[PDB]
């Protein structure tokens, strides 16, 4: 469907902060955040990151992403990837990741995009696989209940 993108704005914060539907979803897209998510937590992430971007369809903000890490000439890492629940499965994240890949290439001369995905997040793992990301390593992490989870580190070459 028809999608556009632009930098995130203050008026987008309340909608975007509403995207994660439970503690698990919040952990998957922003593991340092604390449930419940809030506009203050989102604004703080935006201020300390780069490239915060929204995807819009039919006047609705449906998706958000930024760079978790950025290293000129080297790589960027995708951060805070989240989509409105009613709009999932429709290509919003696919679209926005394409946008972020282009931004990494153009703004950071990145050769590689990194994406890390928690093991329980099948939807994420499958999407990133469809976009050409390959798994490289697995790291142990802990969820908010102190349970041990596996963070799967994936990457993809970008090219000029």
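Numbering follows the first chain given and starts at 1.
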ask   = Would 105 to 113 or 90 to 98 have the larger average of its C-alpha temperature factors, as given in the entry?
value = 105 to 113
task = Would you mind ranking residue 9 by its C-alpha B-factor against the rest of the chain and naming the third, lowest, middle or highest?
result = middle
CA B-factor ranking of residue 68, expressed as a third of its chain = middle
key: CA B-factor ranking of residue 41, expressed as a third of its chain   = middle
query = If you rank the chain by CA B-factor, which third does residue 134 end up in: lowest, middle or highest?
reply = middle
ask   = According to the PDB entry, is the CA B factor of residue 33 in the bottom, middle or top third of its chain, that is, lowest, middle or highest?
value = middle
